[PDB]
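Notes follow once the structure below has been shown.
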Amino acid sequence: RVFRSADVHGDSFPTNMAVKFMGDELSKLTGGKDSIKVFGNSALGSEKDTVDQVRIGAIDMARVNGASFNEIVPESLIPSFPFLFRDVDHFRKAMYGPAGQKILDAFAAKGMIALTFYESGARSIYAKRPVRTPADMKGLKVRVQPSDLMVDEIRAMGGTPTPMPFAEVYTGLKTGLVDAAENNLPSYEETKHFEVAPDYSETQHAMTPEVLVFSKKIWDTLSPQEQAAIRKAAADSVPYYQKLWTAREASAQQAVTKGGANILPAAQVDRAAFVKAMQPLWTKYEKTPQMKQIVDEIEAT
Ligand SMILES: O=C(O)[C@H]1O[C@@H](O)[C@H](O)[C@@H](O)[C@@H]1O
Ligand SMILES: [Mg+2]
């Protein structure tokens, strides 16, 4: 059948392109039985809404950010932990290894099959002034995703967090409802947030993954061969995504800079001040010995 899949991003964005690529591959692996259509631009709803729809089987699939599972799948909190990953190479090795697998496995009890992660770079604060330390965060109305952890992260940085859906952030910034948010460079560019919040400060406070989830209610009706085809197509989409994403990080940085944005390099941001402030949250959100073990497996990579 045609599986319906949700994404907040536009059609040309790397996540949408990767799932469309998966769909093309899936078609061939199933003798034309299956394909995927990606409804971008938050057409099917916010991330929160589309996750609830995937869980009841109203839509087949969604490519969403890991933060959107933080109140549903406890293990999803872990890779949103602040300053957990040293760098992108660390994220890749740990998240496409056994530790990442344990996180994927936890989705199944919550009515989702987590097929793969996709990298999402590092999230950084942007605003109408640069931010080198927490003092600089004070008084900023900072949009966050609707995640208790993300609320706590921004509060710990010194800002005042306000949860909002991704599609609404641009209007929020343009009209002063909020005056800052945080994200990777491709998202900063795609949404035009860089036009109204031109100071992008590389706090690199989180390296939250994307997750591609499939509705378990729909999954449970498929044969093992069909399931295996879907899993292979998802796995095969990752190097395709990585080529697009690495190129997009670079082109986004150049595009926003040419479009007037000022990037404060990570080296000039008081990483020390932010690590001080944010570090206790790990212990707050380790709600089981299994979560502690996953964190340890990531750190040991
Ligand atoms: O901040 C957000 O809501 C967005 O952040 C982006 O990095 C993720 O790609 C997107 O899935 C999230 O919806
Ligand atoms: Mg430990």
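Numbering (the authors' numbering), first residue to last: 27 to 327. Note that the Cβ used here is the ideal one computed from N, Cα and C, for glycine as well.
Alpha carbon to alpha carbon, how far is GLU208 from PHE107? Give it in angstroms, no decimals.
Those two C-alpha atoms are separated by around 15 Å.
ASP225 in three-state terms, based on DSSP
It is a strand residue.
What do you reckon, are the CB atoms on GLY71 and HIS35 nearer than 9 Å?
Cβ distance not < 9 Å, so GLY71 and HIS35 don't count as in contact.
What are the start and end residues of the beta strand (DSSP E) that includes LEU238?
Its beta strand (DSSP E) spans residues 236-241.
Indicate whether the contact test is met: 3 or more Cβ pairs, each with one atom in the stretch 135-152 and one in the stretch 210-218, closer than 8 Å.
As far as the Cβ criterion goes, the stretch 135-152 touches the stretch 210-218, which means the pair count is three or higher.
Let me know the secondary structure DSSP gives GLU97 once reduced to three states.
Of the three classes helix, strand and coil, the one that applies to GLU97 here is coil, per DSSP.
Near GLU275, which residues of its chain fall below 8 Å by C-beta distance, leaving aside the five closest residues on each side in sequence?
Once the five neighbours on either side are set aside, the close Cβ partners of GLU275 are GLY147, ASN210, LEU211, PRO212.
In the DSSP assignment, find the alpha helix (DSSP H) that holds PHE107 and state where it starts and stops.
For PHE107, there is no enclosing alpha helix (DSSP H), since its DSSP letter is neither H nor E.
Contiguous beta strand (DSSP E) assignments of at least 3 residues, all confined to the stretch 256-316
DSSP runs (the beta strand (DSSP E)) wholly in the stretch 256-316: 288-290.
Residues proximal to ligand 1 by C-beta, any heavy atom closer than 6 Å
Matched residues: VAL34, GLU73, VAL90, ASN91, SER146, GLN171, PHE192, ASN209, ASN210, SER213, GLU236.
Beta-carbon proximity list for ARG27, same chain, < 6 Å, skipping 5 on both sides
There are no such residues.
Is any heavy atom of ligand 2 found at a distance shorter than 8 Å from the C-beta of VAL204?
Not one heavy atom of ligand 2 lies closer than 8 Å to the C-beta of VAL204.
Taking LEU307 as the reference, which of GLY198, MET183, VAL237, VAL295 has the closest Cα?
Among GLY198, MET183, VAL237, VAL295, the Cα nearest to that of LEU307 is on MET183.
Give the DSSP-derived three-state secondary structure of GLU208 in the structure shown.
Three-state DSSP puts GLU208 in a strand.
Could you tell me whether the Cβ atoms of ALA140 and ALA132 are closer together than 9 Å?
Cβ distance < 9 Å, so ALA140 and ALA132 count as in contact.
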